[PDB]
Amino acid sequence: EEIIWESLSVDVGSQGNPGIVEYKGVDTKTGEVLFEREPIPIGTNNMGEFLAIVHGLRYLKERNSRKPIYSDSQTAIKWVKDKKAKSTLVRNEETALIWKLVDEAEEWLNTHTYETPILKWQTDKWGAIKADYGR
């Protein structure tokens, strides 16, 4: 119903899908950018949405913050819940970096605990997530 303003919002941006992928996390209340990942030459939207949530979990855990995370990706929220990113992206030499990062994110989820609620940003009611790339 209502936005939980005391939260972290994350999103992917890309040039092509598959294509160059980046992501960032912002304070939902203020829009302040709290982290941004350097562009990865080839990935998918969903891989980037997944990495963004996992990075958010790690960022909040390191700072002892109980804030929830908002994501607009139904897929990535499920992959994080499952601790398994079921991407269709070919594993080859050009996708090795994104796949390394995804594998390492899964590995982190399988070796750490968190209570962080991972919440669906309701774009249909609230507009674009505050971490959106405006593109």
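A residue's number is simply how far along the shown sequence it sits, counting from 1.
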Per the record, averaged over C-alpha atoms, which has the higher B-factor: 124-132 or 4-12? 124-132
Could you settle it for me: does 43-51 or 92-100 have the higher average Cα B factor in the PDB entry? 92-100
In this PDB entry, which of 37, 58, 83, 67 has the top CA B-factor? 83
How does the C-alpha B factor of residue 28 compare with the rest of the chain: lowest, middle or highest third? middle
